[PDB]
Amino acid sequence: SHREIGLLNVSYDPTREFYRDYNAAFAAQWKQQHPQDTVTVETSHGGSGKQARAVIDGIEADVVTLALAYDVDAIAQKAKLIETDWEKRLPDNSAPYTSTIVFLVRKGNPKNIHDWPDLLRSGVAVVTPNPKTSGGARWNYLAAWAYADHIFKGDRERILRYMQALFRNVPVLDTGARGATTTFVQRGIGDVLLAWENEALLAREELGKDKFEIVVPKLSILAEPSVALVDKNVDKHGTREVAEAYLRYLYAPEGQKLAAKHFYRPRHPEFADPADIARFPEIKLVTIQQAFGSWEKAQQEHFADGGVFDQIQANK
C-alpha cells in the first residue's frame, strides 16, 4: 500500500547473521502496527573503520552499527553527518549489546594456550585482523595492551616490548574480523584466533565443539559496539522516524533476545533465552575508559598512521 521505506544499515563484519534475523523481525513488527508500510533494510558489512570511511566518502547510511565509538565519532567529526552528542541519545553508551575478546584454539589446545603470555611463545601463530580497518582488531590490541599495562605496572618500554613479541607471532592481518575468523577456521592458518566472543561461539556451534575450543584469558576488554542515527542522511531520505525505531527496537525484548541468540551479550539478559545466557563464561574485564581514558585518546595514540601500532610493527 501507501509506503515503501528503504533503510541502509552500515555495520561491522560479524553481524551478518544477526541482522538477517533482526531486520526481518523489525520489519515484520513495524508492518503489523503500520500496515501500509513495508520496511526494506539492507545491511552492509566490513571492517568497522573501513565501513566508517565509506560512509564519510558518500555511502548514504541511514544508521551505522559499528564496532566501537571512535568510528561513529569520526563520521560526526570528519563529515558532520551525525550530531556530535550522538552517544548519549541511546542507553548504555548507545550500545544495546556488548561483547569481549577471547581466544579460539584448535581441538585439544595442542600449544597449551591459556592466557596472553602464551601468545608470545615460540612457534605460536596468532590470527588477528588489521587495526587500520577492523574494529575487533583494535579491541584485540587494546586488550593485549591492558594486560601488559597491568603486569608491568604501566612501564611503557616494557609494554612496547611485549606488544612487539606478540606481533612477531602474527603473520596475517585481515581487513575485517569475519575474514580473520575464516582465515583461522576455514583456511587452516594459525594456532589461535584473537576473536570476538560472538565469532568464537558461532564457530564452535557451526563447526562443532569437536574442532575448536574457546579459551577465556585472565583479563579482557569490554567491547561496546556503538549504534547511531545518521542525522543528515535520514533527513535527506525522509527516514528519521523509522530509522529511530529501528535502532530503539534493538533495546526491546525481541532485540535483546535475538542478540543473545547470535552470541552477543545483551544489556538486558532477562529478555533472552536462559540457555543463550548460559553460554557466556565469566570473564574479568576492563573498559575503554578505565584502561585508556577515552576512545579518542586510544585511537590517536595507537591506531593513527605513525602511531604506536605502526611503531610496534616497524620495531619488532
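In this text, residue numbers run from 1 along the sequence as written.
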TODO: Going by the average Cα B-factor in the PDB entry, point out whether 136 to 144 or 152 to 160 comes out higher.
DONE: 152 to 160
Task: Residue range whose averaged C-alpha B-factor is higher in the record, 86 to 94 or 110 to 118 - done: 86 to 94
TODO: By the entry's C-alpha temperature factors, tell me which of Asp191, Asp174, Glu205, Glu197 sits highest.
DONE: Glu205
Open item on the list: Just the C-alpha B-factor column, please: which of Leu285, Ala67, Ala52, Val39 has the biggest number?
Closed with: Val39
Open item on the list: Using the temperature factors of the C-alpha atoms in this entry, rank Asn169 within its chain: lowest, middle or highest third.
Closed with: lowest
TODO: Could you tell me which third, lowest, middle or highest, the C-alpha B-factor of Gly47 occupies within its chain?
DONE: lowest
Open item on the list: Where does the C-alpha B-factor of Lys261 rank in its chain, lowest, middle or highest third?
Closed with: middle
Task: Position of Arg178 among the chain's modelled residues by C-alpha B-factor, lowest, middle or highest third - done: lowest
TODO: Please rank the C-alpha B-factors of the chain's modelled residues and tell me whether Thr128 sits in the lowest, middle or highest third.
DONE: lowest
